[PDB]
Amino acid sequence: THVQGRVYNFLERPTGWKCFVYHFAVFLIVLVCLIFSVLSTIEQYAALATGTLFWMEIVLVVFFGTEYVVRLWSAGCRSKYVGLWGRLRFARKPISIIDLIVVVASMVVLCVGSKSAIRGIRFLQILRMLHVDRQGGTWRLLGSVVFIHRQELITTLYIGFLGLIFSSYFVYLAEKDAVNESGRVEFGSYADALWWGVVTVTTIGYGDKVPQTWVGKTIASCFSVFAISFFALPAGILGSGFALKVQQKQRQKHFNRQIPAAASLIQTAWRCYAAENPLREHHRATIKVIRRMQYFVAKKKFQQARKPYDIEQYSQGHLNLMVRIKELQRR
Amino acid sequence: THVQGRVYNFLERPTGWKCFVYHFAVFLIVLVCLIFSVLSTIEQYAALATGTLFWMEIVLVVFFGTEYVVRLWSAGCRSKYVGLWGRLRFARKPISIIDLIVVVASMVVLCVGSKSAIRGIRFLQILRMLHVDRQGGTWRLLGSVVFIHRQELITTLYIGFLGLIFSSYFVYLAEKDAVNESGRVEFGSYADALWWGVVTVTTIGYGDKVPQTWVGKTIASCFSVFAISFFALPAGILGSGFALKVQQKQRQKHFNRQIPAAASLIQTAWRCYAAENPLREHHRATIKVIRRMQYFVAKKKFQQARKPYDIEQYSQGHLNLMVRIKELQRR
Amino acid sequence: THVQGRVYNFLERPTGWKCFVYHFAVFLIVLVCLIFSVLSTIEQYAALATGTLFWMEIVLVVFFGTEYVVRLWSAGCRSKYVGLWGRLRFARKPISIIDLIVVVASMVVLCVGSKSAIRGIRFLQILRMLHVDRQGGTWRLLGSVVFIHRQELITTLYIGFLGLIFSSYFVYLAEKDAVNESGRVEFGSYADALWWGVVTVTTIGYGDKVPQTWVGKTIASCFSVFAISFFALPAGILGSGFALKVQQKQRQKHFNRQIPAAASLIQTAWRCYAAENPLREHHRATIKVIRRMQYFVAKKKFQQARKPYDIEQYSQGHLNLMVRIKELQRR
Amino acid sequence: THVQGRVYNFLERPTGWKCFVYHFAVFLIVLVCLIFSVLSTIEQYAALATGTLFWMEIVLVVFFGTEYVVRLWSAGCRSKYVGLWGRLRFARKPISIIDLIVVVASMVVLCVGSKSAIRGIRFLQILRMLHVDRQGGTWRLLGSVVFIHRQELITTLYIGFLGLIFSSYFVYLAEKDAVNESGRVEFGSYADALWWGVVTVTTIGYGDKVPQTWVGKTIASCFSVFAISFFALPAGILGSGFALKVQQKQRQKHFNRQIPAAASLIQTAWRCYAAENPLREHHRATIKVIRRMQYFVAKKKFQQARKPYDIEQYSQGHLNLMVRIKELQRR
Amino acid sequence: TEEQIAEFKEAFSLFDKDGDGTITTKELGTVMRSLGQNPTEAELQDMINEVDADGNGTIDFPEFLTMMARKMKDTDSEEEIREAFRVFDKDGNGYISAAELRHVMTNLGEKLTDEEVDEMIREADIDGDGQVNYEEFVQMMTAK
Amino acid sequence: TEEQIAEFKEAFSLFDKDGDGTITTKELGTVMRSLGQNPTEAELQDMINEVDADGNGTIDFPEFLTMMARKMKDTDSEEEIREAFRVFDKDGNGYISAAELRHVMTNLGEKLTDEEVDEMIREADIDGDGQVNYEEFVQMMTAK
Amino acid sequence: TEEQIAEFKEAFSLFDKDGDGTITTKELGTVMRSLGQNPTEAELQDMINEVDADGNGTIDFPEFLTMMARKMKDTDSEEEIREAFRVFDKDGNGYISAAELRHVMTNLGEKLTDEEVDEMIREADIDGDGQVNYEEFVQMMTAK
Amino acid sequence: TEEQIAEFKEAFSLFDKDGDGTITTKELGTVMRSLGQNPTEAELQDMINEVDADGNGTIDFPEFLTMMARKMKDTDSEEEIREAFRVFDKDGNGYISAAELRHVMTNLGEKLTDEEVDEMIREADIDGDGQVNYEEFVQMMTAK
Ligand SMILES: [Ca+2]
Ligand SMILES: [Ca+2]
Ligand SMILES: [Ca+2]
Ligand SMILES: [Ca+2]
Ligand SMILES: [Ca+2]
Ligand SMILES: [Ca+2]
Ligand SMILES: [Ca+2]
Ligand SMILES: [Ca+2]
């Protein structure tokens, strides 16, 4: 029925402000629950949020359970999710598994905590933040763009890690016994030097461990430069990959839009051409002009579909060539 | 009249050193007022700037009020700003609204402070820095380039925020009770761990909060690497977008320059061709050569307009193809 | 023999999960040995790892010696490594030299330490991490991409270093005598200012040295901005270079795949055409249909080889041009 | 004479290892003098370098004075530097002005210090580092690539500076009276908040000033993220610009190489064609075959010049199109 | 010529259920429902939007006779139709197979009659091979 | 031929207000103002800059007769003119509509006479449809 | 025509070692080994995969006679073959040298007979120069 | 034919200062210096490198008669020469001016005789206009 289809459209694959409002509202409520989880352990407003995180929690649990059982009821629309095995393979999806896990765990914690309820509920309140992005439209993009450039990322991480290991060992060798101004020794072990290396290479630079001897500072400077410049590489690669992948998806969407127009145009043109043969005459007086009307409509829609270029001004690489070829064909 | 047009050109949409000098001067004066606002609270030169920030303020207020009422007088040139409703919709613009707000607030503060005048004037002295860039030529570029890549920025911020939340929670769990060298506890609450996460992920690394237990350092290292590399993404995307958008604007400007040349060329060529018919003979002796002169001038201007390529050497992607097509057409 | 070839394929130039398992296992064992080297100097679990790093070390030494002598036995397959001089020039390779050095040094250290064994073995345990990537498929990429952009990297490093020198000298001049809050002086010498400059320019910012006088802070801010933005350049250049170089290698690989198909197609087509002349008749009844079968197979394989485009959707820059040229040729 | 030309080639516009050795040597000597300037103020090896920096300084001064007067003698080769006014306009160049300034200042300091000599010589020892890159091949590239993208850099710096101002003012407003753990107040004035803003926005993060109140930390986090991502933009823009500009220069160089080949080919072909007319016969027996020999040589050189593509595999964007056009022309 | 225009005007008045020269979009939808071809939407709205040169919704044949006057074989339409076939054809392929053509014709847009699909396949493809050139199809379609 | 050159030289001397073979840019501007076509600027400066091969400002017909000698129908001018029409035409469109042509002709550059615009539209567009090919226009323009 | 089809069916039954109309991939491999051309692999598997329209492994001549019916000179094969020669030719070169052609023909794919290579070089290259156009080669190959 | 080859062999032996069939690069340089055309470098080295098919430095006419056999009018040379003219021509320009042609011919590569430059300009450019098409120039150059 149309009801199941409209519900499935409203719950999965949302589009329009009518669904944007609902999703933004549920996300804002999840974030407000999380902010209530932050203030529940500050030890200065603990009594203000140690009790409301039970009523709010059970309200959210009932809401999400209803949402889950309703989105389950919409599995009849999908061609592969029909039947009991179809509902089972729908529940086999990872996001639905996460939703079910959150639901049952919240229910169990609410049941046991009232028979320290916050002690376990915080990690669930974290996991509720993940069910906000439906259809997994975020992780697939990242997975694809990381898998495409799977060789540049590996080599840059390998070079960075090798530099980290070697340079941090040399620093530890040069500072194995040296006392700071506060009276303690910083590079006590080799793991402490590794910690210094991981803090320097990523350019965090806390300031708990700083080399002291003049032979330590030279290696620290060389490592900082020549390995910050190598650990900072994944930013550009992943960025260009993201942009290119989104452009490819947009082009594929536009081209999938173009097809129905062409189909309607071909079909309507053939219907208009075969005006010879499909009181049976007065009806035939208007079928011709109606076919002409829908043919004009189809030509309009097709011209409106092939008109856009999607970045729009991308024809500058073949501007003069195309007009030259066209005028050559004219002759 | 030409006066109103020249004034509007000098005040909005400036061009040339004659207007560059004026705008640079007003901006330098605003910045000098701001630097006087900095030294007015250093508590060691306070008496030097606590009084001059009244006379300088009223001088700047009178100057900007005059500039506002003069730029208002130039609304007659605009086709949509004619009439009283036209002046009203001109004042409806956001930058003009900011200018009016600054003017009236400075006037009110000057009136009330002389009947602690610096206490409120500083935020106005901040807002004066915004009225320097006219026509909003800065915010529109940023808005457009952010809206174009509205899907890569959202996904990278979402992934970064999720990593921040989860990893900072795990760090707080691993350091909930551990005392630093100074005798206090760092990760007192979960908000403190969130602060550590926001300082580490963006690679600021102040050094007020550092993990202590060996299980904290591992998570800190993994988070630092794998989330710095994801929060550092907007740099490349926005940069490539800015470059591409400025190139598109430059091409559109050049193409809008090209049109008047072609129009003049077509018109002058048609005028030269129809030399048959527009003492009425001696005048006709020179109209022909004058038409030839202006036709040569038009051909010169048109060749000078289609000559540039704006990045200039962009024909290397179609160098041999175009000459091949041309010689093919020759045959 | 096939045995030597299969062994050489399994040891050098690995492909498939069957070799992936072996290489991942040896790398995991090397990393576990390294992690045992970390805990061997923490002074709180030293006795737990001070003795096992002898038995594990000799086991790894025997394993790697066997692997070395076996991969040496596979030099007969290579056309240039046949003969004793061929084995010598095989051992002339740098990675094999590193492997031999590690082997002999581990053997010597194991022999002398049992006649402080950890004191020298750690640097070897570091060098074992380098023999993991065979064929040097990592360093060649980096070398090539650095050598290509050898002029942008030099100029950016030169500008950054010049700014570092000049600005750090000015900072030292402005802070040569100023005491911090802890009672000591920070910029004691000019080398200390150089250390501050190398920590600021690379945006590490430890916090051991901070300028104090109002003339120091201005120079520090200007240097930080205008030289961080210049030392952060190698990230983008090397990233774009890596992506482009990997794309070039992939295209070269695909094109080298294409050739055998075309060769088989030409050969089989010529064999099918010359069906006139190569009880000698009954055999000729089936050679024709077998030649037709292998010809169809060759056409299938060739169409399957020229089908891929490897980034796949790269024809959008020449989509309409190619079809226009094709239909022009049709006429 | 050839001597002046060879000298000018060896001193300006160097090429080959024969000049590389000399320039690398002079640069290494300058750097060693600078390293002697570093150790001359460490107050622990001062007596070791307080005296040698006079003899080494006068040696370097004499060397550079000789180099200057010799490179001045080579102004006769240049078409514009002939004559006394030509030598004057040669000395008008900025790098020569810097060299003359360094020479005269070193001479004056050496004369006065021997009649505290290090007190003034250090800034000169800095400026000697600048005369190493001849022809100004470094600053012109940077100037050009900054001037090309003169609108993206301005807008990103403007947005970053506006965010810095506003957010640092809000932080100062939220922390105007709050004492740290050490008993002092951090944000004493508004300039101190500006210092915090310039340290946070550029992601240095020293750790001398950290916000304390819960309303300060929120603004600090928002500013850090949303303005680090805007101040980090010049890296990508300048990087892509550098790469593109170097590619353009390389292409221009290759095309300027191509011309002599074509000229020689046309000239030699015309000479070979006009073999009819330039004991005067025996000489004409060999001029024909010698013209054929040099014609073959010219064809070889021309094919060798148009063969390279300089990034080499750049024809993939027009691979099939060119062969299609060629075979179309064949028909 | 003129007789056809007068007959079409009379038919338009009959569909409009009134002698006035009005498009009568609602009456047009009613007549379409009477013709069995129930529009089920406001398709007549867009139809008139394209059929009413002045966009009046009902005018005294503003471009109806002009709509007829569109040759429907003009190159400005044959080019568009040939571009429409290009969507289904590979690089320089043409010759789109009868199977693929029938598939796209019946399973996309609005489905046509199956026998009409077979008739179109027989008309365009005469050699019988799996190769029906789009050029011949558009040539016969815009021929008469 | 020679008579036309002599008559043009006499007319140039008359416009120069002197028998000397000088361009007389100021006298040329005065003669243009007398012709009703007030230049109102130093347009004659650039005109001579293009009309004076040596750039002398006034020379004994340096390229005036040569300016005439420019065929004005040479392919090196028809190519430029055809490129000028390309600015107003879509991809392979040509046939720019009489409405758009009149619009761009009167509202851009310097406006021509409205009747002249209609005459040009009638001359270029003969079939009467909204399709005036640029090739035919440039062909008649450089024809005679 | 029909006699050739019947003879080919009889030969296929003989190779199948049975009167049944089955492909008999194993019997086909045995017959190939008997023909001296030992396949040494499951090449017959892929062969039937391309030769069995229904992929049954053994069918009553599903496309065997249809395989014959493939003209083998159709443009859809000459285009592919001409594209195969393009791999060895430089930009607009063609005319690939007899030396290079012999080299690629004997040292790549499966090696042919050396005398067969020389015969092909003589057949394609008649002028004797180091220039054998690929067009003439494919023209004679798909000629008869 | 054969007489020309024998005379060229005799001339090569005379230039080699010996009856042996040797290239004699040093003797060739000496003969060039005797011809007034002092090479002043080891140009003969590269010349033989291109003229000695086997690279022996001196061989019994390895490709000397074959060097002659190069038609010098073959399309594989006319294409290269036409590409050489393309360096000096704008997009689809051709017709490079006699002034520019003389300039590039005398001020680049090795300078030719000024009268030879004028003769080439007169031979290529016959219409007298500032337009000498490169196609006609290469056509006459490779004509005879
Ligand atoms: Ca009606
Ligand atoms: Ca209407
Ligand atoms: Ca005069
Ligand atoms: Ca003159
Ligand atoms: Ca069977
Ligand atoms: Ca079968
Ligand atoms: Ca000899
Ligand atoms: Ca030889």
# chains A, B, ... in the order shown; residues from 1 in each chain; ligands from 1
call {"tool": "closest_atom_pairs", "arguments": {"of": "chain D", "to": "chain G", "cutoff": "10 Å", "atoms": "only C-alpha atoms", "output": "tab-separated table"}}
result
residue	atom	partner	partner_atom	distance
D:319	CA	G:91	CA	8.6
D:320	CA	G:91	CA	9.5
D:322	CA	G:91	CA	7.7
D:323	CA	G:92	CA	5.7
D:324	CA	G:92	CA	8.8
D:325	CA	G:92	CA	9.0
D:326	CA	G:92	CA	5.8
D:327	CA	G:92	CA	7.1
D:330	CA	G:92	CA	9.3
call {"tool": "residues_near_ligand", "arguments": {"ligand": "ligand 5", "cutoff": "9 Å", "atoms": "only C-alpha atoms and all ligand atoms", "output": "list in words"}}
result
residues 12, 13, 14, 15, 16, 17, 18, 19, 20, 21, 22, 23, 24, 25, 27, 58 and 59 of chain G
call {"tool": "interface_residues", "arguments": {"of": "chain C", "to": "chain D", "cutoff": "6 Å", "atoms": "only C-alpha atoms", "output": "NGL selection string"}}
result
:C and (155 or 189 or 203 or 205-207 or 229 or 233 or 236-237)
call {"tool": "write_last_selection", "arguments": {"atoms": "N, CA and C atoms", "output": "PDB file, in the first residue's frame"}}
result
ATOM      1  N   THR C 155      63.045  25.575  -2.782  1.00  0.00           N
ATOM      2  CA  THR C 155      62.748  26.984  -2.552  1.00  0.00           C
ATOM      3  C   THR C 155      61.923  27.181  -1.286  1.00  0.00           C
ATOM      4  N   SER C 189      71.383  32.208  25.151  1.00  0.00           N
ATOM      5  CA  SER C 189      72.316  32.354  24.044  1.00  0.00           C
ATOM      6  C   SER C 189      71.549  32.561  22.750  1.00  0.00           C
ATOM      7  N   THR C 203      55.383  24.544  14.319  1.00  0.00           N
ATOM      8  CA  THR C 203      54.123  24.519  15.062  1.00  0.00           C
ATOM      9  C   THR C 203      54.074  23.403  16.095  1.00  0.00           C
ATOM     10  N   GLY C 205      55.562  23.922  19.372  1.00  0.00           N
ATOM     11  CA  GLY C 205      55.210  24.753  20.501  1.00  0.00           C
ATOM     12  C   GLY C 205      55.220  23.994  21.808  1.00  0.00           C
ATOM     13  N   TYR C 206      56.403  23.599  22.266  1.00  0.00           N
ATOM     14  CA  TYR C 206      56.488  22.876  23.526  1.00  0.00           C
ATOM     15  C   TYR C 206      55.999  23.740  24.679  1.00  0.00           C
ATOM     16  N   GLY C 207      56.604  24.906  24.853  1.00  0.00           N
ATOM     17  CA  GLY C 207      56.290  25.770  25.966  1.00  0.00           C
ATOM     18  C   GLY C 207      57.398  25.921  26.977  1.00  0.00           C
ATOM     19  N   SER C 229      53.127  28.966   7.511  1.00  0.00           N
ATOM     20  CA  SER C 229      52.493  28.803   6.208  1.00  0.00           C
ATOM     21  C   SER C 229      53.478  28.447   5.099  1.00  0.00           C
ATOM     22  N   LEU C 233      54.340  23.594   3.402  1.00  0.00           N
ATOM     23  CA  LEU C 233      54.112  23.360   1.975  1.00  0.00           C
ATOM     24  C   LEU C 233      54.395  21.941   1.481  1.00  0.00           C
ATOM     25  N   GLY C 236      51.332  19.261   0.604  1.00  0.00           N
ATOM     26  CA  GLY C 236      50.479  19.235  -0.574  1.00  0.00           C
ATOM     27  C   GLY C 236      51.210  18.771  -1.819  1.00  0.00           C
ATOM     28  N   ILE C 237      52.438  19.254  -2.009  1.00  0.00           N
ATOM     29  CA  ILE C 237      53.217  18.906  -3.192  1.00  0.00           C
ATOM     30  C   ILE C 237      53.443  17.400  -3.246  1.00  0.00           C
TER      31      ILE C 237
END
call {"tool": "residues_near_ligand", "arguments": {"ligand": "ligand 4", "cutoff": "7 Å", "atoms": "only C-alpha atoms and all ligand atoms", "output": "list in words"}}
result
residues 23, 52, 53, 54, 55, 56, 57, 58, 59 and 62 of chain F
call {"tool": "atom_distance", "arguments": {"atom1": "CA of residue 255 in chain A", "atom2": "CA of residue 49 in chain E"}}
result
26.1 Å
call {"tool": "atom_distance", "arguments": {"atom1": "CA of residue 250 in chain A", "atom2": "CA of residue 135 in chain A"}}
result
17.4 Å
call {"tool": "closest_residue", "arguments": {"among": "E:7, E:60, E:79, E:50", "to": "chain F", "atoms": "only C-alpha atoms"}}
result
E:79
call {"tool": "interface_residues", "arguments": {"of": "chain G", "to": "chain E", "cutoff": "12 Å", "atoms": "only C-alpha atoms", "output": "PyMOL selection string"}}
result
chain G and resi 69-71+74-76+79
call {"tool": "write_last_selection", "arguments": {"atoms": "C-alpha atoms", "output": "JSON list (two decimals), in the first residue's frame"}}
result
[["chain", "number", "residue", "atom", "x", "y", "z"],
["G", 69, "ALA", "CA", 27.26, -18.25, -39.09],
["G", 70, "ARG", "CA", 29.40, -15.47, -37.61],
["G", 71, "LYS", "CA", 30.70, -13.96, -40.85],
["G", 74, "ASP", "CA", 31.70, -8.44, -40.24],
["G", 75, "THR", "CA", 32.70, -4.87, -39.39],
["G", 76, "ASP", "CA", 32.16, -5.70, -35.70],
["G", 79, "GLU", "CA", 37.04, -2.95, -36.01]]
call {"tool": "residues_around", "arguments": {"residues": "range 87-92 of chain C", "least_positions_apart": "5", "cutoff": "9 Å", "atoms": "only C-alpha atoms", "output": "PyMOL selection string"}}
result
chain C and resi 72-73+75-76+80-82+97+100
call {"tool": "write_last_selection", "arguments": {"atoms": "C-alpha atoms", "output": "tab-separated table (two decimals), in the first residue's frame"}}
result
chain	number	residue	atom	x	y	z
C	72	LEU	CA	69.79	-17.10	-2.15
C	73	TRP	CA	69.15	-20.55	-3.66
C	75	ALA	CA	68.96	-16.86	-7.90
C	76	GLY	CA	69.01	-19.37	-10.76
C	80	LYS	CA	71.30	-11.88	-14.56
C	81	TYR	CA	71.83	-13.73	-11.26
C	82	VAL	CA	72.92	-17.05	-12.77
C	97	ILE	CA	73.14	-6.45	2.37
C	100	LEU	CA	73.21	-10.24	5.84
call {"tool": "residues_around", "arguments": {"residues": "residue 305 in chain B", "least_positions_apart": "3", "cutoff": "8 Å", "atoms": "only C-alpha atoms", "output": "MDAnalysis selection string"}}
result
chainID B and resid 257:258 261 301:302 308
call {"tool": "atom_distance", "arguments": {"atom1": "CA of residue 170 in chain B", "atom2": "CA of residue 95 in chain A"}}
result
22.2 Å
call {"tool": "residues_around", "arguments": {"residues": "residue 72 in chain E", "least_positions_apart": "2", "cutoff": "10 Å", "atoms": "only C-alpha atoms", "output": "ChimeraX atom specification"}}
result
/A:269,272-273,292,295-296 /E:67-70,74-78,141-144
call {"tool": "select_by_dssp", "arguments": {"residues": "range 40-152 of chain A", "states": "alpha helix (DSSP H)", "output": "number ranges by chain"}}
result
A: 46-49, 52-73, 84-91, 94-113, 117-127, 139-148, 152
call {"tool": "residues_around", "arguments": {"residues": "residue 103 in chain A", "least_positions_apart": "2", "cutoff": "8 Å", "atoms": "only C-alpha atoms", "output": "number ranges by chain"}}
result
A: 61, 64-65, 99-101, 105-107
call {"tool": "closest_residue", "arguments": {"among": "A:25, A:36, A:119, A:194", "to": "residue 217 in chain B", "atoms": "only C-alpha atoms"}}
result
A:194
